[PDB]
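Right, one structure below, let's go through it.
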Amino acid sequence: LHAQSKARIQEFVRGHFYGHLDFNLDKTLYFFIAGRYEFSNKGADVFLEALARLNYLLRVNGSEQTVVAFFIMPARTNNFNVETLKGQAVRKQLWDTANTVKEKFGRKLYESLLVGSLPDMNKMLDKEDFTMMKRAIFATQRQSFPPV
Amino acid sequence: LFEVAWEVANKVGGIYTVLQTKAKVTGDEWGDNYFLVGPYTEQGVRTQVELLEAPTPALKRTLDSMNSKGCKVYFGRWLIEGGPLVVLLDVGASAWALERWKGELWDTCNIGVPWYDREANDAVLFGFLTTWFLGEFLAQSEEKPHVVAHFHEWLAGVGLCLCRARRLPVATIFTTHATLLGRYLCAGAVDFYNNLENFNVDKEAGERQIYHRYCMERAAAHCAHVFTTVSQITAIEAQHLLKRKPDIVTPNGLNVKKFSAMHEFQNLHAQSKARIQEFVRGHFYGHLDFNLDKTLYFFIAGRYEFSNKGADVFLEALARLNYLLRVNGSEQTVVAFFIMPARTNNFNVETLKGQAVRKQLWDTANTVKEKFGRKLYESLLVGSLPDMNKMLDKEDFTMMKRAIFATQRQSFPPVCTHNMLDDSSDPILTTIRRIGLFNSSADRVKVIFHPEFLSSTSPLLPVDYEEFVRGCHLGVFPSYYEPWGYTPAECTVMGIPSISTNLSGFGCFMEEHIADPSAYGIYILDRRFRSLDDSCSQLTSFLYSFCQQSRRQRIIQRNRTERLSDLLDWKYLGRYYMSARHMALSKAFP
Amino acid sequence: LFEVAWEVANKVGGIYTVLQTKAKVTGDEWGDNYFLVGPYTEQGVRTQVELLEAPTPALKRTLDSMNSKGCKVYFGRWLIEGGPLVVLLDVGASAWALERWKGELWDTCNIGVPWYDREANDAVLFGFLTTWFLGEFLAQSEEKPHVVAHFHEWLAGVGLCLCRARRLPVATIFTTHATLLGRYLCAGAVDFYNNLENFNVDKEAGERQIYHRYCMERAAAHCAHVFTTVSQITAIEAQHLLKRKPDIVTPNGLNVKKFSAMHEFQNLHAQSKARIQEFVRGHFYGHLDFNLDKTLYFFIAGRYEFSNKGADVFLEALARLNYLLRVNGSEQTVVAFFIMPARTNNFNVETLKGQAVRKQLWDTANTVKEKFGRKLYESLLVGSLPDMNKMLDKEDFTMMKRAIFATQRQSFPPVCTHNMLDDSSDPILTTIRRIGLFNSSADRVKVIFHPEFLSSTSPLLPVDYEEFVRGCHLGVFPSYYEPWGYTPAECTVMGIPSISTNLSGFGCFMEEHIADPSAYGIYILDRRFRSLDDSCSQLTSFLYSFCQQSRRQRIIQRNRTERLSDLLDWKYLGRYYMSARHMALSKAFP
Ligand SMILES: O=P(O)(O)OC[C@@H]1O[C@@H](O)[C@H](O)[C@H](O)[C@H]1O
Ligand SMILES: O=P(O)(O)OC[C@@H]1O[C@@H](O)[C@H](O)[C@H](O)[C@H]1O
Ligand SMILES: O=P(O)(O)OC[C@@H]1O[C@@H](O)[C@H](O)[C@H](O)[C@H]1O
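Below you can see the structure in the form of structure tokens.
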């Protein structure tokens, strides 16, 4: 139950970090604090400066481990964040592009296996899927920082 | 109007669907006066007719008289389209007066029936019950209206002459579908169509024990006010056999299922053809060395009749086409399906093995493509491009290599998708072996024999007959002795080209209504005035001509052939029935 | 033949694709004699033209003379269809003799150019280089052949009169696309088409600082042997403005991408429309109270021009249609898309929320259907039927109930799929608010504004412009000041009905070639002889008429409109160019 649920978190964080996924996600730690929105009585502040000290320490040891901290603190809010939903939509669009390309590759591989040969990757290029993948990568580019 | 037929409760022939489709237009024409007469069957009252215990609103006394006099009859609604008013007459209700009836039948039309033929006795008693019902009705109808009687089948028509023996003021119409003795003529190894001027009818009916059946058939034909026949060639054979020229021909019509879009019948052909390809790939694992985008699908369907359906002529025509295609250096390859239901046991192990191998290859492709999708997703997320240096993985190549190793085969693909019970006496396989079609790589014609009705419950070929017909490219029906022909009409309605002969009823009907029947895709032959070699050579020429067109030309041909569905619809064929009924009414009473 | 245009290296206008498509037919006509003249651009030599350092096989001395005399020129092949033989002339290679050239330009056509307009100076030097190249060529060609010069754009045409000033024996053709001053007329809040007989051209060119541009445009038009114009109305406005009646009209042609099947353009409409539905569902979560099978999709595309594209008239016509649909008690609902690229920032949070809600509903349906599939698989394996007493599970109903609870919404759906930078000065939103279209449940017209070019990289609407156009049902283009019109032509090629006006070039061209342009789906208006109210009422009547037809009638309309693609192809439009060239040759030298 921890194995699959963690995956559901990754699909979220990828969506929240489109255009900045420069760290290996297999070496990522997930910390969290939950409960009612109480500042001093729940230790949010101490957790925050402890994480700040950990960040300062991790930039001098030259380590690749990166941690993600969730704050499930129910507060009074209105609407959603446009950037977060945009990131989710971009992740889904990338998934759709990958699905289309993999379906084309599956068709070509099925034909080549039926005729009794091997894929030499000289025809999967197609000079057309590279265009759509290139413009997808162009769309993924971002300049501003991800939201908190 | 009264429709008399033996196929109202049982589906033994195609008359059932013909009557079911004609009921709508006949009811629309005749209002509430349309009544139909048929036998009562225990198996045809459960989900076949809604019995109406209430008396007919316009008829109360005759049913009471009939019930009180001993015979049992039922009224109701046929479970078909439109509003039918059907009557069912029991065959055992009046089985206690067969002796008296045949005693008083000697002086009427002078017909005798063997005692050991239950069906003939049932037909005779049905005719007696029908004529008794007409007599009672006209006695109780105050002679105010005029009654017209229509008879569709010869067993049901035996009572027609009985009415003519009772001086009943009714219009008598006799309609036949085929000659019973003619069916047995074609199995006598004697030419039939080229000797139509000389038949020793009496004896050939005599020693073949079909004498009396033809006897009352001809009696009904002669006594009828008007005589109708399904098609032109059937009319000619009736004139030269029954010695009575039919007044008018009555081709059978079929209801057409229209679509919202004209081109939808093309789309149904697009996907259904795909379902065929997945089959043929499975049947040709390890030998797929030809481009499948340049493949033609021919087929012949119907009951397993060798000479009467033209299987042999199609076979040698395809052999000639194969011989011709190996000297022109063409890449086109054709696949011919034989949907000939025969007696078989179990399946063919090689065919199922091929299906399983195709599915295994699909599974391997799915796994590899899922791995590629994962890798491509990761690379796109990080913001790069697949350079194909990591998709190799040094592991998937191993599984793909052993899959290709498994796909290798040495023996030839089989010609049958089943297991024949007998092989030393099956005409199809003997002819295939004789002409030399073994589905070899160097060949250009493939043969697939599937002796079973196509159904969605079958493990292989998970399509019914309609979808398979819609998926093919050209149906070849070189019929020899075919009264009307339903399968070519069905193919024409579906929107595909067909090959027929003037001998068949459909071919003769089409040849006399549309000029130049070659541009519309209904390739007509001539098996009446030409020898077998000429016919097979013409069929081979037609097959090569079909192979010659491009995809656009084939689309044009199918689109044009689609528009001919309106010709075969009942909306156009009802005119002949109207004319026959009007002529009968004029002959009976002005 | 020589083609002179400024849009050979830069794609600033639609002349690029016109020339690219015309190159094939022009080369096929002229063999290897087809040369094209264009400016040299640093950005248009990388992947835009294959430079040929080798001398022209039929021309060696002129290039050497040109290179030795100081100016730099290049030969090569344009990276377009067919075989093009293009020459690129640098704009800075001969930038050291502008003073001398304009000193000797005073006596030729008497044109003066401001010193602060770099584009005009570049055009003037391009004309000087072109006329110098022609002079060198004819001096070195031994005067054996005859040279014909064709000019497509006014900046490139300034040198044409220069040739006429040098007594060069060539045929002079001047082709224009639109009047520059006419564009600024339409923004002057003064009626333009009803006052075509009286223009104070000199002053209106004077105080608007477009005096000299019109000056050499008119000089080139007058000096040319033949004058051509894109369309009939453009020809009329040129005659009433440039005081020279064009000899013949030259409509622009477009290459058509044919398919294997005629009906394939229908199938591309079938699936693409589906991609629209998945969008609109997402934009109408919690308010889907109308049957989507009876929904019509209208759209207007092109550059963001308010009056010149007829957005306002379309808006009040749709408002009138909405008012009419609420009194007839009809269930038909129409959705109107406005692909009007404007300046925007970010997306709309509600739209993305709706897309996410639709995807979540899809996920819930997928989970429930997978559970149902598992249960049905088990029941079919055991040999039973689903009685629906166990699919309830008392658990999936909870998740479905909370999903339905989440879907509930109270506020109205938004009208824009983006976030406008400004809202107090945007004409579209102000008009929408004024006419009262808020996508309410009781309404019958929905408005969707998408101020961004459609692309496959967009998160919402993952389709490009072509697929979205193919998916709609009727494109409304009530153009007011449109010289030729490319979008309605593209829609007609795609195979969809369109609404245009005689004011537009496409509408005028269609109105004078096909009689009764209503049965083919090209609904023409009359904005020239009618007031605004009459035009909007006629548009509303046309919209209601389109809403009145059934699905079969719409299929007929689209099928018939598809066949008109051959009219707009270059294979038919090349005849006018041939006639113009022949007339020019006859005028120059018999
Ligand atoms: O707990 P982690 O360090 O994230 O390990 C990741 C996953 O943990 C558990 O779910 C299982 O051991 C999995 O086999 C492992 O892949
Ligand atoms: O009929 P064919 O020659 O097999 O053509 C193949 C298919 O035919 C029809 O279904 C359509 O035109 C398809 O677009 C086409 O792909
Ligand atoms: O064009 P419409 O009125 O939306 O019809 C809907 C679709 O149109 C075409 O794509 C085809 O005819 C489809 O068979 C039909 O389902």
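Chains as they are written, first to last, in the entry's author numbering: chain C, 296 to 443; chain B, 29 to 618; chain D, 29 to 618.
In this text, a Cβ means the ideal position worked out from N, Cα and C, and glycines have one as well.
I want to verify the contact list: residues of chain B whose CB lies under 8 Å from the CB of C:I304, in sequence order. Sequence index remark: in the first sequence, residue 304 of chain C carries index 9 (1-based). Going along chain B, no residue has its Cβ under 8 Å from C:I304, so there is no contact; the nearest lies around 15 Å.
| message | At the level of alpha carbons, what is the spacing between B:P414 and D:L107? | response | As a position in the second sequence, residue 414 of chain B is number 386, starting the count at 1. As a position in the third sequence, residue 107 of chain D is number 79, starting the count at 1. If I take the Cα positions, the gap works out to 28 Å.
_Any C-beta of chain B within less than 8 Å: which residues of the region 271-299 of chain D qualify?_
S288, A289, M290, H291, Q294, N295
- For C:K322, is the beta carbon positioned less than 7 Å from some heavy atom of ligand 1? In the first sequence, counting from the first residue as 1, residue 322 of chain C sits at position 27. Checking the Cβ of C:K322 against ligand 1 gives no.
query = How would you call D:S439, buried or exposed, if buried means at least 16 neighbouring beta carbons within 10 angstroms?
reply = For the purposes of this step, residue 439 of chain D is identified with residue 411 of the third sequence, where counting begins at 1. That one is exposed.
So for D:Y605, helix, strand or coil by DSSP?
Along the third sequence, read from residue 1 onward, the residue named residue 605 of chain D stands at position 577. It is helical.
DSSP puts B:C444 in a beta bridge; with which residues? For the purposes of this step, residue 444 of chain B is taken as residue 416 along the second sequence, with counting starting at 1. Answer is B:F477, bridged to B:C444.
Checklist entry - Would you say B:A470 faces chain C, with C-beta separation under 8 Å as the test? => result To locate residue 470 of chain B, count along the second sequence from 1; it is residue 442. No, B:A470 does not count as interfacial toward chain C.
For this session: List the endpoints of the continuous alpha helix (DSSP H) containing B:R579.
Result: Against the second sequence, residue 579 of chain B aligns to sequence position 551. It spans 579-590 - the alpha helix (DSSP H) in which B:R579 sits, taken as one unbroken run.
message = Only counting the same chain, and skipping five residues up and downstream in sequence, which positions put a Cβ closer than 6 Å to that of D:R555?
response = On the third sequence, residue 555 of chain D is found 527 positions in, with the first residue counted as 1. Answer for D:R555: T529, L531, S563, listed in chain order.
Over the uninterrupted alpha helix (DSSP H) stretch that includes D:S96, give me the two end residues. Walking along the third sequence from the start, residue 96 of chain D turns up at place 68. Element bounds for D:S96: 89-96.
Item checked: D:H268 CB to nearest heavy atom of ligand 2 below 7 Å -> The count along the third sequence starts at 1 and reaches residue 268 of chain D at position 240. It does not: the Cβ of D:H268 is nowhere closer than 7 Å to a heavy atom of ligand 2.
| query | Is the number of C-beta pairs between the region 324-333 of chain D and the region 281-299 of chain D that are closer than 8 Å three or more? | reply | no
On the CB-based measure, 16 or more other CB atoms within 10 Å of its CB, does D:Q383 come out buried or exposed? On the third sequence, position 355 is the one that residue 383 of chain D refers to. The residue in question, D:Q383, is buried, as its Cβ has 16 or more Cβ neighbours within 10 Å.
Are the beta-carbon atoms of B:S300 and B:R462 separated by less than 8 Å?
-> On the second sequence, position 272 is the one that residue 300 of chain B refers to. On the second sequence, position 434 is the one that residue 462 of chain B refers to. No.
Taking 7 Å as the cut-off, is the C-beta of B:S300 nearer than that to any heavy atom in ligand 2? Your numbering for residue 300 of chain B matches position 272 in the second sequence. It does not: the Cβ of B:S300 is nowhere closer than 7 Å to a heavy atom of ligand 2.
Item to complete: Using a Cβ cut-off of 8 Å (strictly closer), state whether C:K418 contacts chain B.
Response: The residue you call residue 418 of chain C lines up with position 123 of the first sequence. For C:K418, the answer is no, since every Cβ of chain B falls outside 8 Å of its Cβ.
**Item:** Contact set between C:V385 and chain D, taken where Cβ atoms lie within less than 8 Å
**Value:** Position 90 of the first sequence, counted from the first residue, corresponds to residue 385 of chain C. Near C:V385 (Cβ distances below 8 Å), the residues of chain D are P487.
| Skipping 5 residues on each side, what residues in its chain have a beta carbon closer than 8 Å to that of B:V443? | On the second sequence, residue 443 of chain B is found 415 positions in, with the first residue counted as 1. Correct list, in chain order: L457, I460, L465, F466, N467, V475, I476, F477.
Next on the checklist: From the DSSP secondary-structure annotation, give me the bridge partner or partners of B:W106.
Outcome noted: To locate residue 106 of chain B, count along the second sequence from 1; it is residue 78. Partner(s): B:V77.
* Asked: Residues bridged to B:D118 by DSSP?
  -> As a first step, residue 118 of chain B must be located in the second sequence, where it is residue number 90. Paired residue(s): B:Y68.
- Of all the options B:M94, B:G216, B:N280, which has the alpha carbon lying nearest to the alpha carbon of residue 26 of chain B? The structure shown does not extend to residue 26 of chain B, since chain B is modelled only from 29 through 618, so no value can be given for it.
Check: Looking at the C-beta of D:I583, does it have a partner C-beta in chain B at a distance below 8 Å?
Finding: Position 555 of the third sequence, counted from the start, is the residue given in the question as residue 583 of chain D. True, the Cβ-Cβ gap to chain B drops below 8 Å.
For D:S469, report the span of its alpha helix (DSSP H) as first-last.
Counted from its first residue, the third sequence places residue 469 of chain D at position 441. Note, D:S469: premise wrong, no alpha helix (DSSP H); not H, not E.
For this session: Assign B:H178 to one of two classes, buried (16 or more other C-beta atoms within 10 Å of its C-beta) or exposed (fewer than that).
Result: Here the question's residue 178 of chain B lines up with position 150 in the second sequence. Its Cβ being crowded by 16 or more others within 10 Å, B:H178 is buried.
Practice item. Would you mind sorting D:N376 into buried or exposed? The rule is 16 or more other CB atoms within 10 Å of its CB. Key: Here residue 376 of chain D refers to the residue found at position 348 when the third sequence is read from its first residue. With 16 or more other Cβ atoms within 10 Å, it is buried.
Exercise. Between the region 568-592 of chain D and chain B, which residues of the former have CB atoms less than 7 Å from a CB of the latter, in chain order?
Worked result: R579, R580, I583
For B:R430, which of C:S412, C:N319, C:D391 has the nearest alpha-carbon? One-based indexing of the second sequence puts residue 430 of chain B at position 402. Checked all of C:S412, C:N319, C:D391; the closest Cα to B:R430 is C:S412.
Assuming D:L224 and D:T49 form a contact by the criterion Cβ under 8 Å, report the distance between their Cβ atoms to the nearest whole angstrom.
Translated into the one-based positions of the third sequence, residue 224 of chain D becomes position 196. Translated into the one-based positions of the third sequence, residue 49 of chain D becomes position 21. Their Cβ separation, rounded to whole angstroms, is 32 Å, which puts D:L224 and D:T49 out of contact at 8 Å.
Original post:
In whole angstroms, what is the alpha-carbon distance linking D:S358 and D:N295?
Top reply: The count along the third sequence starts at 1 and reaches residue 358 of chain D at position 330. The count along the third sequence starts at 1 and reaches residue 295 of chain D at position 267. If you take the alpha carbons of D:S358 and D:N295, they lie about 28 Å apart.
Buried or exposed, going by whether 16 or more other CB atoms sit within 10 Å of the CB of residue 7 of chain D? No information on residue 7 of chain D is available, as it lies outside the stretch 29 to 618 that chain D covers here.
Exercise for the section: Check whether the Cβ atoms of D:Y62 and D:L113 lie closer than 8 Å to each other. Expected result: For the purposes of this step, residue 62 of chain D is taken as the residue at position 34 of the third sequence. For the purposes of this step, residue 113 of chain D is taken as the residue at position 85 of the third sequence. Yes, they are a contact pair.
**Asked** Taking the alpha-carbon positions, what's the B:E31 to B:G549 distance?
**Response** For this step, residue 31 of chain B is matched to residue 3 along the second sequence. For this step, residue 549 of chain B is matched to residue 521 along the second sequence. Their backbone Cα atoms lie some 36 Å apart in a straight line.
Check: B:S559: buried (16+ other C-beta within 10 angstroms of its C-beta) or exposed?
Finding: Taking the first residue of the second sequence as position 1, residue 559 of chain B is located at position 531. Exposed.
Which stretch, first to last residue, makes up the beta strand (DSSP E) that contains D:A199? Position 171 of the third sequence, counting from 1, holds the residue named residue 199 of chain D. Residues 198-204.
Item to complete: With DSSP as the reference, label D:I552 as helix, strand or coil.
Response: The residue given as residue 552 of chain D occupies position 524 in the third sequence. Here D:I552 sits in strand by DSSP.
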